[PDB]
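Asker: Here it is, the structure, as structure tokens.
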Amino acid sequence: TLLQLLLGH
Amino acid sequence: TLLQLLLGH
Amino acid sequence: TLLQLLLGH
Amino acid sequence: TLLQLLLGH
Amino acid sequence: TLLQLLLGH
Amino acid sequence: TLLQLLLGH
Amino acid sequence: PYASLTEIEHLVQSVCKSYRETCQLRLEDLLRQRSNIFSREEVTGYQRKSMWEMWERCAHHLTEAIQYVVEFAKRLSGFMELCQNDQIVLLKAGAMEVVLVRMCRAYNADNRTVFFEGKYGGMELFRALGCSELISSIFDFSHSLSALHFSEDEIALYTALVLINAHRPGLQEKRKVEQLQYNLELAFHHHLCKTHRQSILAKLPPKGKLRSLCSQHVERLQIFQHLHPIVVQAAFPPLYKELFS
Amino acid sequence: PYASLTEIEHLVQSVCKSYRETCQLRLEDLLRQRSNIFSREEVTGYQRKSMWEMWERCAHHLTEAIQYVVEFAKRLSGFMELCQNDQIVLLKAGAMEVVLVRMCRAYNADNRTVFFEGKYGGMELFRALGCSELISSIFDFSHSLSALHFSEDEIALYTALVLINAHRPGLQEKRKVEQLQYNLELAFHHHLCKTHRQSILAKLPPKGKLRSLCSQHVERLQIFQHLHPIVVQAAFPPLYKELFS
Amino acid sequence: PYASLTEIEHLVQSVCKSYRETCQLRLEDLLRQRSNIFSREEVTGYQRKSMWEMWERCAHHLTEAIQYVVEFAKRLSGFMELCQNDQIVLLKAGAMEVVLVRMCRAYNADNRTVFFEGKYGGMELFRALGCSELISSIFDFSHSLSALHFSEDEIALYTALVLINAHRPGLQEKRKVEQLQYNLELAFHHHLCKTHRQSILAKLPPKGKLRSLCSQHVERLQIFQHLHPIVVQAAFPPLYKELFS
Amino acid sequence: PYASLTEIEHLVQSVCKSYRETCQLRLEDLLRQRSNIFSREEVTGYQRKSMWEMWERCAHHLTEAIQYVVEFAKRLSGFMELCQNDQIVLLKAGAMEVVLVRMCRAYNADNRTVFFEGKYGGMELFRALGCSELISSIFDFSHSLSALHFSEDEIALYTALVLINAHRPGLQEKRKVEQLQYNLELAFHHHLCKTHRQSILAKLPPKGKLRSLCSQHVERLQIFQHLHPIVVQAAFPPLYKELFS
Amino acid sequence: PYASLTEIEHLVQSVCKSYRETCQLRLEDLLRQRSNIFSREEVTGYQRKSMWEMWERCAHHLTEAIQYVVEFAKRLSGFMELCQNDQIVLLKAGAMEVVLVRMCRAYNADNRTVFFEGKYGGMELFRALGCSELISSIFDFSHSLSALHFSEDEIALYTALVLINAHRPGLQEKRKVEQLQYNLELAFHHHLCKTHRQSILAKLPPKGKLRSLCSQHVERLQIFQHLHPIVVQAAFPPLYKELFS
Amino acid sequence: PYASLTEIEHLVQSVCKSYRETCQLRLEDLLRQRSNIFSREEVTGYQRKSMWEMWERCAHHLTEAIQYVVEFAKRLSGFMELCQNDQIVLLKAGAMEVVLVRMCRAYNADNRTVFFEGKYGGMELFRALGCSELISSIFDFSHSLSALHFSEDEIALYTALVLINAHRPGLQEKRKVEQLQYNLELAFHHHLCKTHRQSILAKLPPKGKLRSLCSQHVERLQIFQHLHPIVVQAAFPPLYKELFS
Ligand SMILES: CC(C)=CCC[C@@H](C)[C@H]1CC[C@H]2C3=C(CC[C@]12C)[C@@]1(C)CC[C@H](O)[C@@](C)(C(=O)O)[C@@H]1CC3
Ligand SMILES: CC(C)=CCC[C@@H](C)[C@H]1CC[C@H]2C3=C(CC[C@]12C)[C@@]1(C)CC[C@H](O)[C@@](C)(C(=O)O)[C@@H]1CC3
Ligand SMILES: CC(C)=CCC[C@@H](C)[C@H]1CC[C@H]2C3=C(CC[C@]12C)[C@@]1(C)CC[C@H](O)[C@@](C)(C(=O)O)[C@@H]1CC3
Ligand SMILES: CC(C)=CCC[C@@H](C)[C@H]1CC[C@H]2C3=C(CC[C@]12C)[C@@]1(C)CC[C@H](O)[C@@](C)(C(=O)O)[C@@H]1CC3
Ligand SMILES: CC(C)=CCC[C@@H](C)[C@H]1CC[C@H]2C3=C(CC[C@]12C)[C@@]1(C)CC[C@H](O)[C@@](C)(C(=O)O)[C@@H]1CC3
Ligand SMILES: CC(C)=CCC[C@@H](C)[C@H]1CC[C@H]2C3=C(CC[C@]12C)[C@@]1(C)CC[C@H](O)[C@@](C)(C(=O)O)[C@@H]1CC3
């Protein structure tokens with residue numbers, strides 16, 4: 001999710 | 001004129 | 001100074 | 001023939 | 001040997 | 001002369 | 001070299017980009033659908049349509065592409081900087097020429113089929129047009145082009161030169177076009193040598209080959225514009241009517 | 001040529017730029033500090049630190065770099081256009097791989113020292129980690145890379161290919177990645193030939209060499225995540241925890 | 001660059017020349033006869049020949065080409081400088097491999113026909129051989145090669161590398177071959193980049209593909225050498241017997 | 001290669017663009033007016049003007065060009081990133097040097113005429129200046145430059161190097177200039193080899209040739225600044241006064 | 001690329017060498033004597049010579065050059081391989097064409113003078129010929145050529161194409177010439193792109209320009225061959241008589 | 001381009017070949033023996049030899065190399081075409097210069113060792129010479145050269161220019177040398193740009209650096225020629241005596 005946040009998902 | 005319109009005359 | 005003005009000093 | 005001679009005919 | 005002959009051995 | 005010899009003078 | 005290399009390889013990029021944006025169909029999509037052919041049944045459906053439908057149909061599909069060509073022109077480097085009159089003259093006489101060139105991307109040469117209305121179809125979908133000799137002439141043209149295996153960059157530069165033609169009558173600032181045409185000729189030639197593709201310059205079809213086709217089209221139109229004058233007046237897209245009077 | 005040269009030398013520029021912006025440390029700064037070494041006293045201070053400090057320390061420094069790699073990915077041409085799932089899969093399994101490649105810039109090979117926390121230090125600052133075999137394997141890797149004398153452009157393109165890998169499991173739109181990977185392979189190869197650097201393609205380390213290192217890392221982590229489970233839960237940066245579970 | 005460019009583009013010329021002289025059939029002649037096909041009647045005549053004729057026939061035609069390959073080897077730069085033993089090992093295991101590569105020039109892919117005994121014939125002239133699976137495998141191989149559209153220079157360099165293989169068992173001075181192989185690899189790669197043909201390196205068939213074919217040939221031979229042992233002893237050319245024991 | 005090619009051919013484009021925007025007169029316009037000469041009558045009108053007019057006249061025309069050179073500097077890549085002091089030092093001592101180089105575009109060598117005030121005029125319009133030896137030295141300089149047949153790109157890069165000179169006294173961050181100068185030297189040299197124009201590097205005039213001219217100018221000024229001190233104080237443009245004290 | 005690059009850049013070298021050996025006058029010698037002009041007195045001496053001397057004089061000087069052109073042909077790659085008839089046809093109709101091209105090296109364009117009999121002379125040495133319009137047409141031709149600033153390699157390749165012309169009537173194996181002509185066209189075009197000199201292809205004079213000159217020469221000869229029939233029969237060199245009947 | 005590219009890339013090949021044939025030691029052999037060092041015991045044996053032995057020893061080893069340099073000169077393109085006097089002047093003053101350049105191939109920079117008498121030895125084998133400052137100056141020179149990582153082609157071209165020097169006093173046909181020198185300068189520069197190695201032109205050591213070394217050698221010789229005059233008269237090779245009087 002943090003990785004998803006860093007991208008924009 | 002339509003061609004003129006498409007360009008901007 | 002005029003030269004300084006032309007640049008932004 | 002002279003031209004022919006120059007080549008080798 | 002024939003192959004050797006073709007090369008020169 | 002030896003140098004001349006090495007070249008061919 | 002005396003000309004600015006940076007300036008000429010800028011133009012090469014500018015032209016290729018302006019085409020890339022106005023390429024209508026993206027090529028990878030045009031290729032993957034080459035296994036998507038009209039069935040024997042479907043084809044018959046096309047050729048038993050009425051002449052005034054197949055004309056009205058194609059005249060819309062044609063004007064679809066022509067619109068993109070106009071966008072290409074507008075985004076073309078130094079095209080707008082030309083005179084307003086000349087700007088029209090080049091587009092009017094040249095737009096149809098460009099489309100015929102662009103067709104070679106939607107034309108598969110293994111089966112001689114063009115990508116028409118969702119699928120690939122043969123020369124004989126357009127039987128109902130009555131001008132089935134012009135159709136053959138067109139397919140033959142796109143075959144020769146397809147034989148050259150153009151890159152997308154070479155299409156971009158070729159079509160650019162097709163449009164920019166100072167040999168077109170009615171030009172006010174003709175000398176202005178000559179200069180623009182030359183820089184584009186230089187840019188094209190430079191890119192071909194950059195890619196060892198110089199060989200195709202001689203392989204290119206004559207300037208009159210498209211003169212034939214485009215006029216052969218407007219010739220068969222005047223026939224239809226007389227057979228069904230009320231149809232072309234009411235249905236045919238205005239931009240088409242304007243260009244092919 | 002059949003592929004658009006303008007398109008491929010555009011990609012080469014796009015990739016090199018996206019790296020140039022996310023290069024973390026600028027190279028000239030990384031080089032001038034090569035005469036800035038840890039003293040014999042300083043080194044001892046590092047190796048007498050506690051394992052749960054040196055792990056927590058490095059795990060933060062690692063996540064520092066990994067964050068930049070994520071930015072590189074986002075700015076990478078056609079990466080975002082991939083599926084959201086695939087976008088994660090490539091980054092998760094590949095981010096650690098990229099960092100290991102980027103290290104060769106912060107690794108001086110004359111003295112076998114890496115730029116760690118302000119100065120250059122040897123293989124044995126990381127003695128306190130307990131995984132001092134993996135450290136050696138890493139230093140050996142960055143040595144081979146440093147031996148190739150990469151350009152900054154070649155780093156940019158290599159790391160791009162490291163990330164874009166269609167051989168990574170869990171990919172939904174795999175075919176989509178294959179296409180992107182190929183264009184990047186073409187772009188890399190084109191640039192190497194443009195620069196007579198084609199020789200290095202065979203000199204490059206096998207795809208499994210980094211498979212070894214990255215997994216060897218997560219292996220020694222699970223040891224630490226069991227020895228000091230409460231430490232990694234409370235201190236280790238979340239992004240690190242997310243990637244190396 | 002650190003290697004001598006003059007030395008490497010000398011090798012490229014040397015190899016291309018040595019092939020050019022031992023190309024057996026000149027290409028323009030091989031191409032113009034592509035409209036010279038075996039009639040339906042003629043083909044039947046071939047497949048109703050006896051197995052011991054079609055084998056004896058082809059074994060002579062094969063040894064014809066193999067002789068030219070030997071000449072290519074002798075004229076190949078730095079081949080003779082190798083050890084006499086190694087010189088034999090490379091030729092013996094590699095001559096058959098080269099011929100299979102050279103076939104792609106005598107293979108038209110539009111009709112899947114090979115230039116055999118004066119005319120172009122299909123896969124089924126060789127029906128009488130009994131090994132009609134190997135024949136298909138061969139035609140499929142030459143199809144993939146024909147798909148790449150090799151230049152005559154690329155054939156010259158590829159076949160050179162096919163012969164010079166340090167991975168061949170029985171080599172005394174193996175390290176000597178490795179060095180020669182590398183310079184040829186460098187020369188090949190340099191020429192491909194000089195011509196923007198680097199793309200084909202990945203397109204090339206695996207090293208085992210020809211390992212399969214050449215061994216698959218000697219496998220079906222041992223069958224025939226047992227069915228008609230007296231035929232191969234009395235008729236088959238000695239050079240063939242020597243190479244395929 | 002070890003330096004980033006993408007970075008260096010970026011600089012080449014950046015410099016050529018910054019010049020292209022600050023080129024004052026566009027070249028095609030400068031060329032077409034080469035058949036627009038001062039009549040025998042007009043010339044006499046110039047040389048019978050007063051010294052304090054011809055000085056005040058030219059000092060304005062000079063400051064006109066110098067202003068454009070300042071813009072070039074500002075748009076020059078990595079010029080503003082220099083120290084404010086150094087930024088002044090380079091411009092002050094170098095602006096006059098650049099203008100002398102740019103003159104070769106407004107100098108036709110067939111007739112030895114410079115484009116002055118709307119038309120092309122000879123060496124002797126500037127007779128009224130009293131420093132008619134310096135004028136000749138200037139015309140001779142622009143002749144040698146015109147003999148080299150510079151491209152507009154080569155002018156762009158040459159003038160860039162003329163400005164960026166770490167050998168100029170009064171530099172604070174000298175090492176900073178050296179680095180910028182080198183990258184520009186590399187970029188210039190790369191572009192010349194890209195265009196087979198490397199030959200001109202030796203043909204270029206010595207660094208002292210412009211040292212002579214620019215100082216020879218300020219020398220004859222101090223004469224005029226003493227003969228007509230009140231004229232230069234009241235009429236001469238301030239930027240001129242500031243640069244040539 | 002599909003054509004053998006090694007084969008085409010071999011031809012480029014072969015042609016340039018064959019010309020280099022049969023260049024008659026070496027260029028550096030032709031250039032250094034450009035300050036060696038016929039005095040006003042000397043010129044008058046030429047134009048007050050008799051028509052039957054100036055014709056007999058030039059006809060020998062012409063046949064001098066033509067002999068070298070024949071040698072060029074013999075050493076030209078694949079010229080002798082042509083049919084004996086075709087070999088004559090090309091030389092006969094083409095030798096005069098080549099000489100006219102070669103003249104541009106002995107023609108200084110600054111003063112419009114040709115290197116004749118030891119010194120450079122103007123258009124009016126040949127006043128005594130009576131065909132002083134053809135002379136002017138010739139000088140104008142060599143001016144346009146001199147304006148292009150040919151390299152010695154480009155002269156070598158251009159003249160090669162001038163000779164090898166399949167559009168010449170009387171050719172038996174015409175198709176044989178077409179093939180040779182094309183390879184030379186490819187070689188010329190390749191070398192121009194190798195040197196960024198592709199621009200001159202369009203700048204080249206039309207094929208009919210030399211058709212005009214060479215026939216215009218034989219036209220004025222038939223006049224002289226009728227005015228002084230006994231002179232041309234007894235004095236004019238046989239090779240000249242044979243070519244221009 | 002105006003110069004014949006074919007002519008200049010012919011010279012590049014000619015020079016590289018003439019060096020390749022007179023390279024004395026082949027490079028691969030010079031490299032593989034870099035792990036073949038003089039033991040601590042062996043070195044002491046050298047430095048406890050007598051000055052009149054170590055001088056007589058080296059003077060023979062030097063004349064060994066100098067002989068090869070003479071062969072290089074003879075095979076050098078257009079060297080023999082020079083005047084007999086000039087031919088001597090260049091060789092005499094230049095042979096020693098070339099050898100010093102060639103040494104960088106027999107000099108490993110990792111350990112600062114030169115390949116002397118079968119093995120690699122340090123700066124201090126030559127302690128017994130008494131001129132141990134010149135030795136250091138020499139080793140420092142070959143270090144800077146070794147730092148540039150010359151190709152064998154670049155050595156070939158550099159050494160060519162070292163020999164061909166029109167700035168050498170005593171030249172009769174000086175202008176003849178200037179022309180030959182320039183073509184070699186052009187050829188060198190062309191090859192460097194062909195290989196992206198243009199960067200080294202500025203990195204090259206000044207013309208006076210070898211002026212220093214060669215004269216510094218003949219200076220320390222005159223000392224020895226006075227200390228042991230009878231030794232140099234009876235033992236020293238005549239060619240050495242002739243060159244260094
Ligand atoms: C009387 C008339 C108009 C006769 C012409 C009939 C025929 C030849 C003509 C009628 C419709 C027209 C057509 C094209 C060019 C010729 C063709 C087929 C192409 C293929 C060019 C490329 C465009 O990208 C693309 C794919 C598009 O519109 O997307 C079109 C699809 C429709
Ligand atoms: C258990 C673990 C994590 C073991 C790994 C320990 C070691 C190998 C590992 C821990 C910290 C980490 C590190 C880098 C890669 C490997 C290394 C040293 C580099 C050099 C890569 C490039 C970045 O630009 C730069 C300079 C930065 O963050 O600025 C870092 C600095 C810190
Ligand atoms: C049991 C066996 C031997 C099976 C193989 C049967 C088949 C595949 C095999 C038998 C005969 C052989 C053959 C060639 C390779 C494969 C093939 C056809 C080619 C085409 C290679 C190129 C040479 O240039 C050329 C033209 C020549 O000899 O001139 C020959 C012509 C004859
Ligand atoms: C005492 C002094 C100042 C003596 C100098 C006198 C002479 C040499 C000097 C006085 C005026 C000056 C001048 C130029 C350089 C030298 C020159 C002629 C040029 C041609 C450079 C290029 C610019 O683009 C351009 C066209 C412009 O301003 O548009 C100018 C036109 C005016
Ligand atoms: C009736 C006739 C024949 C009219 C032609 C008259 C004139 C045009 C014609 C008569 C003599 C002839 C001539 C040349 C070509 C044209 C020209 C001058 C050139 C310059 C070509 C290059 C050769 O290298 C070179 C230098 C040589 O012979 O060495 C000659 C020198 C003599
Ligand atoms: C008083 C004097 C002569 C002092 C010089 C002493 C020293 C510097 C001097 C004496 C002997 C000499 C020498 C070379 C150059 C310098 C050096 C070492 C080199 C290495 C150049 C390259 C040749 O290929 C090679 C390998 C050869 O002869 O094969 C020689 C080997 C012997």
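Simple scheme: letters A, B, ... for chains in structure tokens order, numbers from 1 for residues in each chain, numbers from 1 for ligands in the order shown.
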Name the residues in contact with residue 7 in chain J at a cut-off of 9 Å, using only C-alpha atoms, excluding same-chain residues fewer than 4 positions from it; report them as a list in words.
Answerer: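 The residues satisfying every condition are residues 13, 16, 17 and 153 of chain H; 3, 11 and 12 of chain J.
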Asker: With only C-alpha atoms as the counted atoms, please give the residues lying no more than 12 Å from residue 8 in chain A, apart from itself and same-chain residues fewer than 3 positions off, as a list in words.
Answerer: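 Counting only C-alpha atoms, the residues come to residues 1, 2, 3, 4 and 5 of chain A; 70, 74, 80, 84, 85, 87 and 88 of chain H.
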Asker: Using only C-alpha atoms and all ligand atoms, which residues of the polymer chains come no farther than 6 Å from ligand 6? I'd like the answer as a PyMOL selection string.
Answerer: chain L and resi 24-25+55+58-59+61-62+64-65+99-100+102-103+106+115-116+135
Asker: Go ahead and save the residues from that selection, with C-alpha atoms, as a PDB file, in the first residue's frame.
Answerer:
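To be explicit, this is the file written out as result.pdb:
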ATOM      1  CA  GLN L  24      59.220  -5.439 -32.564  1.00  0.00           C
ATOM      2  CA  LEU L  25      57.319  -7.200 -29.781  1.00  0.00           C
ATOM      3  CA  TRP L  55      75.745   1.409 -20.420  1.00  0.00           C
ATOM      4  CA  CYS L  58      71.449  -0.783 -22.626  1.00  0.00           C
ATOM      5  CA  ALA L  59      73.137   0.864 -25.620  1.00  0.00           C
ATOM      6  CA  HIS L  61      69.185  -2.988 -26.323  1.00  0.00           C
ATOM      7  CA  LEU L  62      68.414   0.568 -27.417  1.00  0.00           C
ATOM      8  CA  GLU L  64      67.983  -3.060 -31.137  1.00  0.00           C
ATOM      9  CA  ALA L  65      64.760  -1.052 -30.994  1.00  0.00           C
ATOM     10  CA  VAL L  99      61.473   4.414 -29.027  1.00  0.00           C
ATOM     11  CA  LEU L 100      60.561   6.379 -25.895  1.00  0.00           C
ATOM     12  CA  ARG L 102      57.017   2.640 -27.953  1.00  0.00           C
ATOM     13  CA  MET L 103      58.230   1.877 -24.427  1.00  0.00           C
ATOM     14  CA  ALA L 106      56.485  -2.564 -22.468  1.00  0.00           C
ATOM     15  CA  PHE L 115      60.009  -5.152 -19.713  1.00  0.00           C
ATOM     16  CA  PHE L 116      63.805  -5.432 -19.625  1.00  0.00           C
ATOM     17  CA  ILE L 135      65.558   7.189 -15.869  1.00  0.00           C
TER      18      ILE L 135
END
Asker: Taking only C-alpha atoms into account, report as a PDB file with N, CA, C and O atoms, in the first residue's frame which residues of chain L lie within 8 Å of chain I.
Answerer:
ATOM      1  N   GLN L  13      45.526   3.184 -42.930  1.00  0.00           N
ATOM      2  CA  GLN L  13      45.799   1.756 -43.030  1.00  0.00           C
ATOM      3  C   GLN L  13      47.274   1.491 -43.311  1.00  0.00           C
ATOM      4  O   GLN L  13      47.857   0.560 -42.759  1.00  0.00           O
ATOM      5  N   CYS L  16      49.336   2.164 -40.049  1.00  0.00           N
ATOM      6  CA  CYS L  16      49.064   1.121 -39.069  1.00  0.00           C
ATOM      7  C   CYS L  16      49.698  -0.209 -39.454  1.00  0.00           C
ATOM      8  O   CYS L  16      50.101  -0.979 -38.586  1.00  0.00           O
ATOM      9  N   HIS L 149      45.875   4.952 -22.389  1.00  0.00           N
ATOM     10  CA  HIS L 149      45.371   3.702 -22.950  1.00  0.00           C
ATOM     11  C   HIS L 149      45.289   3.760 -24.470  1.00  0.00           C
ATOM     12  O   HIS L 149      44.211   3.620 -25.045  1.00  0.00           O
ATOM     13  N   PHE L 150      46.436   3.966 -25.110  1.00  0.00           N
ATOM     14  CA  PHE L 150      46.519   4.008 -26.565  1.00  0.00           C
ATOM     15  C   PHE L 150      46.055   2.703 -27.191  1.00  0.00           C
ATOM     16  O   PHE L 150      46.195   1.638 -26.592  1.00  0.00           O
ATOM     17  N   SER L 151      45.496   2.788 -28.392  1.00  0.00           N
ATOM     18  CA  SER L 151      45.273   1.597 -29.196  1.00  0.00           C
ATOM     19  C   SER L 151      46.572   1.362 -29.937  1.00  0.00           C
ATOM     20  O   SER L 151      47.462   2.210 -29.902  1.00  0.00           O
ATOM     21  N   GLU L 152      46.695   0.221 -30.603  1.00  0.00           N
ATOM     22  CA  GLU L 152      47.893  -0.047 -31.387  1.00  0.00           C
ATOM     23  C   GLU L 152      47.891   0.802 -32.653  1.00  0.00           C
ATOM     24  O   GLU L 152      48.947   1.097 -33.212  1.00  0.00           O
ATOM     25  N   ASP L 153      46.700   1.191 -33.097  1.00  0.00           N
ATOM     26  CA  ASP L 153      46.563   2.079 -34.243  1.00  0.00           C
ATOM     27  C   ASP L 153      47.015   3.487 -33.881  1.00  0.00           C
ATOM     28  O   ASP L 153      47.657   4.167 -34.679  1.00  0.00           O
ATOM     29  N   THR L 195      36.778   6.833 -34.105  1.00  0.00           N
ATOM     30  CA  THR L 195      36.769   5.971 -32.929  1.00  0.00           C
ATOM     31  C   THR L 195      36.417   6.699 -31.632  1.00  0.00           C
ATOM     32  O   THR L 195      36.595   6.144 -30.550  1.00  0.00           O
ATOM     33  N   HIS L 196      35.926   7.932 -31.749  1.00  0.00           N
ATOM     34  CA  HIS L 196      35.550   8.748 -30.590  1.00  0.00           C
ATOM     35  C   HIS L 196      36.719   8.967 -29.629  1.00  0.00           C
ATOM     36  O   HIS L 196      36.521   9.115 -28.425  1.00  0.00           O
ATOM     37  N   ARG L 197      37.933   8.997 -30.168  1.00  0.00           N
ATOM     38  CA  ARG L 197      39.134   9.093 -29.347  1.00  0.00           C
ATOM     39  C   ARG L 197      39.800  10.458 -29.486  1.00  0.00           C
ATOM     40  O   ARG L 197      40.946  10.645 -29.079  1.00  0.00           O
TER      41      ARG L 197
END
Asker: Return as a PyMOL selection string the full set of residues in chain D whose backbone-based DSSP assignment is helix (DSSP H, G or I).
Answerer: chain D and resi 2-7
Asker: What's around range 214-220 of chain K at 9 Å? Count only C-alpha atoms, leave out sequence neighbours fewer than 4 positions away in its own chain, and write the answer as an MDAnalysis selection string.
Answerer: chainID K and resid 93:94 96:97 100 130:131 134 209:210 224:225 244:245
Asker: Can those selected residues be exported to a file as a short mmCIF file (atom, residue, chain, number, x, y, z; two decimals), in the first residue's frame so that it contains N, CA and C atoms?
Answerer:
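Now in result.cif:
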data_model
loop_
_atom_site.label_atom_id
_atom_site.label_comp_id
_atom_site.auth_asym_id
_atom_site.auth_seq_id
_atom_site.Cartn_x
_atom_site.Cartn_y
_atom_site.Cartn_z
N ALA K 93 31.21 7.01 -77.36
CA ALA K 93 30.25 8.08 -77.10
C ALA K 93 30.50 8.77 -75.76
N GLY K 94 31.31 8.14 -74.91
CA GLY K 94 31.49 8.63 -73.55
C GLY K 94 32.83 9.25 -73.21
N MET K 96 34.64 11.52 -74.73
CA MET K 96 34.60 12.97 -74.86
C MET K 96 33.86 13.61 -73.69
N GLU K 97 32.82 12.92 -73.21
CA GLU K 97 32.04 13.40 -72.07
C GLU K 97 32.89 13.47 -70.81
N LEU K 100 35.47 16.42 -70.67
CA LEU K 100 34.80 17.68 -70.36
C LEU K 100 34.59 17.84 -68.85
N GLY K 130 36.76 29.46 -84.57
CA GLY K 130 35.56 29.79 -85.31
C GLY K 130 34.30 29.27 -84.65
N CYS K 131 34.48 28.36 -83.71
CA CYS K 131 33.37 27.83 -82.93
C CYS K 131 33.45 28.38 -81.51
N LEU K 134 30.69 27.39 -78.77
CA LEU K 134 30.86 26.09 -78.12
C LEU K 134 31.89 26.20 -77.00
N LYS K 209 23.13 17.85 -70.90
CA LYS K 209 24.06 18.97 -70.97
C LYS K 209 25.34 18.56 -71.69
N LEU K 210 25.81 17.35 -71.41
CA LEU K 210 27.00 16.83 -72.07
C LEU K 210 26.65 16.22 -73.42
N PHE K 224 34.72 21.89 -90.18
CA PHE K 224 36.16 21.95 -90.42
C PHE K 224 36.62 20.79 -91.29
N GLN K 225 36.01 19.62 -91.10
CA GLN K 225 36.34 18.44 -91.90
C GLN K 225 35.93 18.64 -93.35
N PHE K 244 35.26 10.62 -83.85
CA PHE K 244 34.42 11.74 -84.26
C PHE K 244 34.15 11.78 -85.76
N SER K 245 34.47 10.68 -86.45
CA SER K 245 34.22 10.46 -87.88
C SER K 245 33.86 11.68 -88.74
#
Asker: Could you please select, counting only C-alpha atoms, the residues of chain J within 12 Å of chain C and state them as a VMD selection string?
Answerer: chain J and resid 63 66 to 75 79 to 81 83 to 92 95 237 to 243
Asker: What does the distance between CA of residue 200 in chain H and CA of residue 185 in chain I come to in Å, to one decimal place?
Answerer: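 Between CA of residue 200 in chain H and CA of residue 185 in chain I the gap works out to 12.6 Å.
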Asker: Using Å and a single decimal, report how far CA of residue 120 in chain I sits from CA of residue 138 in chain I.
Answerer: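 Taking CA of residue 138 in chain I as the start and CA of residue 120 in chain I as the end point, the length is 15.5 Å.
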Asker: Skipping near chain neighbours, those fewer than 5 positions away, what residues fall within 9 Å of residue 112 in chain K using only C-alpha atoms, listed as a PyMOL selection string?
Answerer: chain K and resi 107+121-123+139-140+143
Asker: Write to file, as a compact mmCIF listing (two decimals), in the first residue's frame, the residues of the selection just made, with N, CA and C atoms.
Answerer:
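The result, stored in part.txt:
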# COMPACT_ATOMS: atom_id res chain seq x y z
N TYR K 107 40.48 24.02 -64.59
CA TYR K 107 39.77 25.28 -64.77
C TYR K 107 39.68 26.05 -63.46
N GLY K 121 44.89 30.03 -69.53
CA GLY K 121 44.42 30.97 -70.53
C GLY K 121 42.92 31.12 -70.52
N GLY K 122 42.44 32.27 -71.00
CA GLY K 122 41.02 32.56 -70.99
C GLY K 122 40.25 31.89 -72.11
N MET K 123 38.98 32.26 -72.23
CA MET K 123 38.07 31.70 -73.22
C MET K 123 38.51 32.06 -74.64
N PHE K 139 33.24 26.40 -71.18
CA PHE K 139 33.73 27.13 -70.02
C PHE K 139 32.63 27.34 -68.98
N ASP K 140 31.41 27.58 -69.44
CA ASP K 140 30.26 27.71 -68.55
C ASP K 140 29.99 26.40 -67.82
N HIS K 143 32.50 25.74 -65.19
CA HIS K 143 32.32 26.70 -64.11
C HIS K 143 31.35 26.13 -63.09
Asker: What gap, in Å, lies between CA of residue 56 in chain J and atom 10 (C, counted along the ligand's line) of ligand 4?
Answerer: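 Atom 10 (C, counted along the ligand's line) of ligand 4 lies at a distance of 9.8 Å from CA of residue 56 in chain J.
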Asker: Between G:182, G:19, G:46, G:126, single out the one closest to ligand 1, counting only C-alpha atoms and all ligand atoms.
Answerer: G:126
